[PDB]
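Read top to bottom, the protein sequences are chains A and B.
Here the first sequence stands for residues 299 to 339, 347 to 716, where the numbers follow UniProt numbering.
Here the second sequence stands for residues 299 to 338, 348 to 718, where the numbers follow UniProt numbering.
Heads up, the beta-carbon is just placed ideally off N, CA and C, and yes, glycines get one too.
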Amino acid sequence: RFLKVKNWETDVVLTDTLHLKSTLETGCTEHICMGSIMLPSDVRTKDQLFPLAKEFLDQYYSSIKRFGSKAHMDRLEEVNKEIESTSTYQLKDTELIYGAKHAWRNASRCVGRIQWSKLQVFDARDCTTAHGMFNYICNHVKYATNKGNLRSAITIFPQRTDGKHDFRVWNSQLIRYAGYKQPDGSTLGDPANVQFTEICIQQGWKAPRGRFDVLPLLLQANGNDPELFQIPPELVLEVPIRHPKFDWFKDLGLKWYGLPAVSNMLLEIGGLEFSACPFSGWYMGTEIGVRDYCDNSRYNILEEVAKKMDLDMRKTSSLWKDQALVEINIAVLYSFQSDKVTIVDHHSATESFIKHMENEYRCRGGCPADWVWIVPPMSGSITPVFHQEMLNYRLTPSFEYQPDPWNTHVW
Amino acid sequence: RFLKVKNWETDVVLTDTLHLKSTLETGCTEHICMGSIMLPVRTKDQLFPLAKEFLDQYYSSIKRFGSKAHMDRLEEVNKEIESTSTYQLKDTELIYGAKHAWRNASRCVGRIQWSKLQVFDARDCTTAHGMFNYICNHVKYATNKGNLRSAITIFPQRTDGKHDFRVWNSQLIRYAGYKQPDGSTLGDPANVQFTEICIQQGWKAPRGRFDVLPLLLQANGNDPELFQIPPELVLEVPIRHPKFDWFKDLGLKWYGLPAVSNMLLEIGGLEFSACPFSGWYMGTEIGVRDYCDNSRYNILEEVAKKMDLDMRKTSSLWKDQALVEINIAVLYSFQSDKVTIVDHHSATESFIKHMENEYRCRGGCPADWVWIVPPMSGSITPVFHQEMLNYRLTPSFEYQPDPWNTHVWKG
Ligand code: HEM
Ligand code: HEM
Ligand SMILES: Cc1cc(N)nc2cc(-c3ccc(OCc4cncs4)c(CN)c3)ccc12
Ligand SMILES: Cc1cc(N)nc2cc(-c3ccc(OCc4cncs4)c(CN)c3)ccc12
Ligand SMILES: C[C@H](O)[C@H](O)[C@H]1CNc2nc(N)[nH]c(=O)c2N1
Ligand SMILES: C[C@H](O)[C@H](O)[C@H]1CNc2nc(N)[nH]c(=O)c2N1
Ligand SMILES: [Zn+2]
């Protein structure tokens with residue numbers, strides 16, 4: 299039960315003991331593996354909350370080499386008293402930063418976690434309003450963008466109290482392109498965002514009705530009705546997409562935004578629930594070129610590219626889709642690199658992640674990792690993670706999925 | 299208790315009740331997923356319940372559950388077990404068991420074909436020479452001058468584990484690999500260890516880059532014996548590219564018939580340790596894995612060089628670009644020679660149709676996403692966005708340790 303993981307390309311074998319510190323459940327059993335289910339899974350009672358806090362504080366004071374010390378047992382008793390009275394408690398700034406960095410470190414589906422300890426944590430727990438939320442988010446966007454030299458950052462709004470005062474960012478990402486249904490049949494813009502683009506218009510947004518319309522922010526503070534805000538265009542760094550060999554690639558009129566900033570997950574630390582916590586890093590190239598541009602329920606521009614390449618699109622066996630997919634992804638990296646916007650290719654990121662796995666097994670005894678999500682969506686087996694056995698388990702602090710607010714909001 | 303899976307590209311949801319018929323374990327727990335782990348002497352005590360389960364299944368399939376033919380067969384198997392400690396399958400039961408072992412193979416993307424399996428009963432076989440003759444006939448039937456036909460040949464079952472029939476080759480047809488004194492490898496690096504055993508057993512190695520290996524066959528627990536498959540039975544395909552004239556000059560070829568021979572077939576508690584089976588190749592098995600894996604023929608560089616790509620930075624996606632061309636050449640070569648092959652697009656589309664049909668008429672289809680998704684262009688195939696449930700049903704094909712590690716040598 300001190301488990302082992304083998305890399306079948308290198309025979310490197312790592313021994314995993316970290317998983318024995320795992321708390322939450324995977325969704326699997328001994329009779330069924332749910333490893334490819336997208337999503338398994347109204348406040349903590351006074352009783353379940355203190356053990357959660359103790360476990361978090363225990364692991365915090367160990368990290369700073371002060372387990373079982375004056376400061377440890379004092380803080381333990383101090384939190385204990387606050388929970389007894391207030392029915393909740395507040396994290397010290399130090400615990401907030403540690404909690405956030407480790408929620409990313411424990412994100413078993415994230416290939417970028419080698420960077421986990423270089424996270425810029427913005428404490429927005431003093432925020433009271435959507436305008437205030439919008440301010441914190443503009444500052445996040447500007448700081449993270451850094452004129453193309455991207456920097457990882459998270460902004461943490463007040464924690465849930467009773468589920469009635471929730472702070473929520475209704476957008477799935479801070480920056481996403483609009484999607485409009487067409488009267489004839491097709492979809493203009495980004496099909497992934499069609500329902501949200503409706504809720505925005507259905508809330509008062511005047512849509513330019515283009516391909517690359519940056520969506521407004523829909524910010525919900527303290528549980529009130531959300532409010533629309535327009536991100537200043539000068540804060541939205543965008544890369545025009547061209548190909549280093551094909552001049553007709555420009556004519557496609559494609560661009561993408563430089564900042565991936567996910568805004569709909571929930572950050573859990575020591576039992577406390579931060580329902581608004583947008584976090585951002587930088588893109589792996591395939592996240593745009595493979596998924597955003599070539600998924601059938603997305604931009605789906607594969608056919609148009611292969612046509613312009615004069616490829617034989619009559620039989621799948623010509624691999625014209627694969628040929629185009631590569632060129633599209635070559636262009637994305639060329640364009641970002643040309644404009645000095647941070648981006649990483651799938652070979653670099655997976656090689657980094659194997660090294661990160663090395664470190665985590667060495668200095669921590671393991672690293673939870675979700676093979677189904679770590680392997681890039683193209684050229685899987687020529688990347689090092691394909692031949693790496695991985696163990697998946699849920700550690701805390703964590704980022705968790707949460708319902709879309711409009712399905713829940715008492716409007 | 300029912301279970302749902304969702305295709306996130308089509309929003310089709312399916313309901314799995316078949317997982318309730320699951321017996322064996324997956325390796326997962328409530329707290330760990332072993333979904334990416336490559337691989338996570349039987350007495351009368353536990354044999355009749357396994358037989359009864361199989362026979363209940365079998366007679367259900369022929370709509371004779373509870374018939375006198377069913378009850379008589381149960382009794383007949385019982386008496387044979389308490390008397391002889393094992394039992395013999397009827398031909399009908401053997402054919403059913405073999406077809407369902409394939410139908411239950413959760414890592415096999417080709418299972419749309421599972422019911423068109425040609426089953427060769429080799430249970431009267433007694434010697435390695437007889438094994439050679441049975442395998443020769445399998446190869447000729449299966450190859451069918453390029454119009455490939457799925458087939459399996461079933462040798463006598465295990466008795467006391469000291470008289471096993473084994474095929475020591477991992478596939479019936481595979482190329483030798485030779486480690487040179489300078490550290491390089493001539494031939495297929497995947498086969499260096501088996502090649503060395505063969506040479507040690509008396510095989511005269513041509514020491515070429517595509518030498519078909521000899522058959523190493525073990526009957527009734529005796530030491531294995533060497534045989535050369537007649538060269539006219541081994542259909543091979545020279546690999547050329549439809550646009551790149553220089554591609555032929557790499558001197559590449561591959562064999563046409565994939566025939567896996569180191570697995571164990573389990574049916575009603577009986578263990579068939581030698582049971583080679585064969586179908587036809589999906590293109591990526593050769594062009595992605597066999598040619599481009601770093602630990603295989605690893606022709607990526609040579610192809611990239613001859614294409615004159617930017618091999619300096621990996622972000623030029625030269626590896627991705629050469630991988631597509633190589634897989635184009637493999638498909639073009641097989642199709643031009645009218646040797647059955649399927650591309651990864653056609654095969655994954657079929658599997659989705661197969662899987663939906665299985666959910667309808669069977670209540671489920673065990674599926675291993677980690678293995679079903681092709682090793683290139685994953686997200687542009689439809690299985691990528693398909694949730695799958697993985698569980699173990701019997702009859703089944705299982706892994707078994709290589710015989711040279713367990714075999715007791717006669718001398
Ligand atoms: C710095 C560069 C980063 C890269 C290249 C990166 C890469 C990725 C990729 C490719 C995925 C798969 C998602 C998909 O395929 O759509 C992912 C998932 C994820 N990333 Fe990272 N990431 C980065 C930074 C971060 C940061 C700063 C955080 C939080 C502080 C984070 C948290 C997550 C989470 C929570 C998931 C999904 C986990 C789940 O759904 O359970 N990432 N990442
Ligand atoms: C007819 C055409 C077939 C195709 C195109 C096909 C395709 C595949 C592929 C691509 C894999 C993954 C192996 C890898 O990529 O390394 C696989 C696995 C497998 N195939 Fe099929 N297959 C076919 C026929 C058959 C037949 C006839 C049998 C047995 C009677 C079979 C049994 C299996 C098994 C048992 C596995 C997985 C072994 C494991 O659990 O590790 N296949 N198949
Ligand atoms: C910081 C950062 C940088 C980056 N470069 N990439 C990221 C991708 C993610 C992520 C997490 C879950 C997803 O899951 C999709 C679902 C929608 N509904 C149920 S699951 C997706 C898909 N974009 C992305 C999160 C953060 C990222
Ligand atoms: C009949 C048929 C047709 C085909 N077209 N393809 C096949 C691939 C397979 C298979 C199953 C597991 C494998 O891998 C197991 C392991 C490797 N290392 C540790 S377990 C491999 C690798 N050759 C192949 C088996 C049968 C196939
Ligand atoms: C560690 C990992 O499970 C291993 O490399 C698997 C992944 N998926 C695979 N999928 C297929 N089709 N074939 C393989 O050999 C593998 N190898
Ligand atoms: C059905 C399947 O689980 C789903 O498509 C998952 C698979 N793997 C993924 N992997 C990544 N990195 N991102 C994704 O969105 C998905 N989608
Ligand atoms: Zn699992």
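Any non-hydrogen atom of ligand 6 closer than 8 angstroms to residue i Cβ
i, result
"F691/B", "yes"
"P710/B", "no"
"residue 341/A", "No coordinates exist for residue 341/A in the structure shown, because the numbering of chain A passes directly from 339 to 347."
"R414/A", "yes"
Closest residue to residue i among the options (Cα-Cα distance)
i, options, result
"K423/B", "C432/B, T591/B and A408/B", "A408/B"
"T324/B", "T713/B, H714/B, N697/B and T308/B", "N697/B"
"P689/A", "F361/A, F658/A and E382/A", "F658/A"
"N569/A", "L607/A, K560/A, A581/A and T460/A", "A581/A"
"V384/B", "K612/B, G575/B and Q535/B", "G575/B"
"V715/A", "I369/A, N451/A and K469/A", "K469/A"
"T713/B", "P531/B, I593/B, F427/B and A429/B", "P531/B"
"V311/B", "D314/A, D309/A, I335/A and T313/A", "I335/A"
"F300/B", "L533/B, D314/B and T647/B", "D314/B"
Residue span of the beta strand (DSSP E) that contains residue i, given as start and end
i, result
"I574/A", "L571 to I574"
"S390/A", "It is not in any beta strand (DSSP E) - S390/A instead sits in the alpha helix (DSSP H) that spans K375 to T391."
"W475/B", "Looking at the DSSP string, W475/B is not in any beta strand (DSSP E), and its letter there is neither H nor E."
"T460/A", "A458 to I461"
"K486/B", "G484 to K486"
"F517/A", "Neither: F517/A is in no beta strand (DSSP E) and is coded neither H nor E."
"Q425/B", "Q425 to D428"
Residue i Cβ short of 8 angstroms to ligand 3 heavy atom set
i, result
"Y448/A", "no"
"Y706/A", "yes"
Per DSSP, cross-strand counterpart(s) of residue i
i, result
"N305/A", "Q693/A"
"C672/A", "Paired residues: none, contrary to the question."
"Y639/A", "Partner(s): none; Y639/A has no beta bridge."
"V311/A", "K304/A"
"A654/A", "Answer by DSSP bridge pairing: none, since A654/A is not bridged."
"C331/A", "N697/B"
"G494/B", "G484/B"
"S585/B", "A458/B and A566/B"
"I648/B", "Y588/B"
Endpoints, the alpha helix (DSSP H) within which residue i is located
i, result
"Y604/B", "From DSSP, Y604/B is part of no alpha helix (DSSP H); its letter is neither H nor E."
"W561/B", "Run containing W561/B: none in the alpha helix (DSSP H); it sits in the beta strand (DSSP E), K560 to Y562."
"residue 347/B", "Between 338 and 348 the numbering of chain B has a gap, and residue 347/B falls inside it, with no coordinates."
"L557/B", "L557/B -> no alpha helix (DSSP H), and no H or E assigned at all."
Residue i: CB within 8 angstroms of a non-hydrogen atom of ligand 7
i, result
"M332/A", "yes"
Distance cut-off 8 angstroms: residue i Cβ against heavy atoms of ligand 4
i, result
"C582/B", "no"
"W587/B", "yes"
"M336/B", "yes"
Distance cut-off 8 angstroms: residue i Cβ against heavy atoms of ligand 2
i, result
"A376/A", "no"
"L542/A", "no"
Check: residue i C-beta below 8 angstroms from any heavy atom of ligand 1
i, result
"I593/A", "no"
"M570/A", "yes"
Residue i: CB within 8 angstroms of a non-hydrogen atom of ligand 5
i, result
"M618/B", "no"
Touch test, the segment 649–658 of chain B against the segment 404–420 of chain B, Cβ-Cβ under 8 angstroms, three pairs minimum: yes
Using 8 angstroms as the Cβ pair cut-off and three pairs as the minimum, do the segment 376–391 of chain A and the segment 631–648 of chain A touch? Output reads no: the segment 631–648 of chain A does not touch the segment 376–391 of chain A.
Check whether the segment 324–335 of chain B and the segment 692–706 of chain A are in contact - that is, three or more C-beta pairs closer than 8 angstroms. yes
Does the segment 581–591 of chain A come close enough to the segment 549–565 of chain A that 3 or more CB-CB pairs lie under 8 angstroms? yes
Counting pairs of Cβ atoms below 8 angstroms between the segment 698–709 of chain A and the segment 675–686 of chain B, do you hit three or more? no
With a cut-off of 8 angstroms, do at least 3 Cβ pairs link the segment 437–454 of chain A to the segment 306–321 of chain A? no
Between the segment 521–534 of chain A and the segment 466–482 of chain A, are three or more C-beta pairs nearer than 8 angstroms? With a cut-off of 8 angstroms, the segment 466–482 of chain A and the segment 521–534 of chain A count as touching, because enough Cβ pairs lie within range.
Within the chosen definition, does the segment 608–626 of chain B reach the segment 543–557 of chain B through at least 3 CB pairs nearer than 8 angstroms? The segment 608–626 of chain B vs the segment 543–557 of chain B: in contact.
Across the segment 616–629 of chain B and the segment 535–548 of chain B, are there enough close Cβ pairs to call them in contact, namely three or more that are closer than 8 angstroms? no
Would you say the segment 390–405 of chain B touches the segment 349–361 of chain B, given that touching needs at least three Cβ pairs under 8 angstroms? yes
For the structure I just gave you, are there three or more beta carbon pairs, one from the segment 447–466 of chain A and one from the segment 480–493 of chain A, closer than 8 angstroms? Too few Cβ pairs lie closer than 8 angstroms, so no.
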